[PDB]
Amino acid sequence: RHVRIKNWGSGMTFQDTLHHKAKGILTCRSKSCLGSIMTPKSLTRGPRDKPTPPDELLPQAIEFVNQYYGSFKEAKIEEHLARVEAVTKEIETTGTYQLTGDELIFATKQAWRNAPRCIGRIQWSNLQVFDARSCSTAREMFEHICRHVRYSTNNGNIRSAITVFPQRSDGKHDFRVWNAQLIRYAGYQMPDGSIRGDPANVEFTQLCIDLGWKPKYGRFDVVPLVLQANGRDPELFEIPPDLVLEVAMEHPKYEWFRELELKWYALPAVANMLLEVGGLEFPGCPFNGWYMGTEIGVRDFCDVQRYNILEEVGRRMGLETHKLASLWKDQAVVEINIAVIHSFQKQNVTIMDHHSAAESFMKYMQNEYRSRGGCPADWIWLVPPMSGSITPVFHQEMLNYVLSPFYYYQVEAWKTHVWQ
């Protein structure tokens, strides 16, 4: 009982059976589709008070094992039986189990593939897995994070990597990075109420400030890392500036663009999500890829609740800023995006334009239906926030479902954290 989906631009169709393996968690019903909801609690894995009862954990562990051994081109039936026995007992003995280093590598790459809002999934097999499950202290987390950052930054030739911290035990000893991103700029509410820097980051910058960080009141101040080790209250650590590559924004025809004095960091890294694997939850697993120009050019720079430079750019381009119908906003957003693309390239830092990205995703999607008869995808997030129908993705019908392993959101740590 597959579900046929079609691409109205190429006529290509896929039959989807994989969604049958999905968890019955989405909130859509016959009466209503809630697909445009950003952070549904269906895509959220929140805080635990007790450890997962072992009996409850057993079935999911075996399923992951079966899934792990199932990825084997050349089946290891014997190794497979062994491992299933090993896990059953380990859970029987320790109430939990540890993934081998290879099962973790597999689990990380698979959760990326099962990430329906990620357009960069064609690179799913190129992922550096930093095993940091041995971790015990906030300082150690800091060092693992700087290693990751130096690795992935790689002097501009950005590389993907994930750092997996210790798995959740009882939920009272979680290893989590409170930051949404590893690198992110601060936002400050000035004494008169106005905001300087990234307005989306005002709340968290205050937390940092409340924890001892010295505010610098600039437009682009990298906030410090707020690390929670072993469920202890978090500690601040500042990424050494030499590990933070940044790009100054210039525009290939507009000399004055440089006067805007804009820049953005090279490393996109999600730090506050939870990796789910065979029943196990990993509350700390920062991961990164490289940038899709539109994230900076359209969202970071043009969202009204972010940097909001559209008005000022339209004005400098000499556009009919007074009427919507002149499409000045659309001319501005394109030039800003050309700037972003042009600047990273100039400085030799990895960045992909939304067209090449979408074309790579179509390729990935086809490979997925070919290999596993399915590819969970969220149309709303995959389609670029600029030139939608100009991309193949816009014209692609998709199915959105949650498989396993999966990268879930969590409740923001400060919201749940009991300070001691």
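Residues carry their position along the shown sequence, with the first being 1.
Averaged over CA atoms, B-factors in the entry run higher in 315-323 than in the other of 315-323 and 181-189. Taking the mean C-alpha B-factor of each stretch as recorded, 81-89 and 300-308 are not equal, and the higher mean is that of 81-89. The top Cα temperature factor in the record, among 396, 400, 410, 17, falls on 17. Within the selection 270, 138, 208, 164, the deposited Cα B-factor values reach their highest point at 208. In the deposited entry, the Cα temperature factor of residue 124 sits in the top third of values across the chain's modelled residues. Ranked by C-alpha B-factor against the other modelled residues of its chain, residue 117 falls in the lowest third. Split the chain's modelled residues into thirds by C-alpha temperature factor. Residue 57 is in the highest one. When all modelled residues of the chain are sorted by CA temperature factor, residue 69 is found within the highest third. When the modelled residues of the chain are ordered by their C-alpha B factor, residue 220 lands in the middle third.
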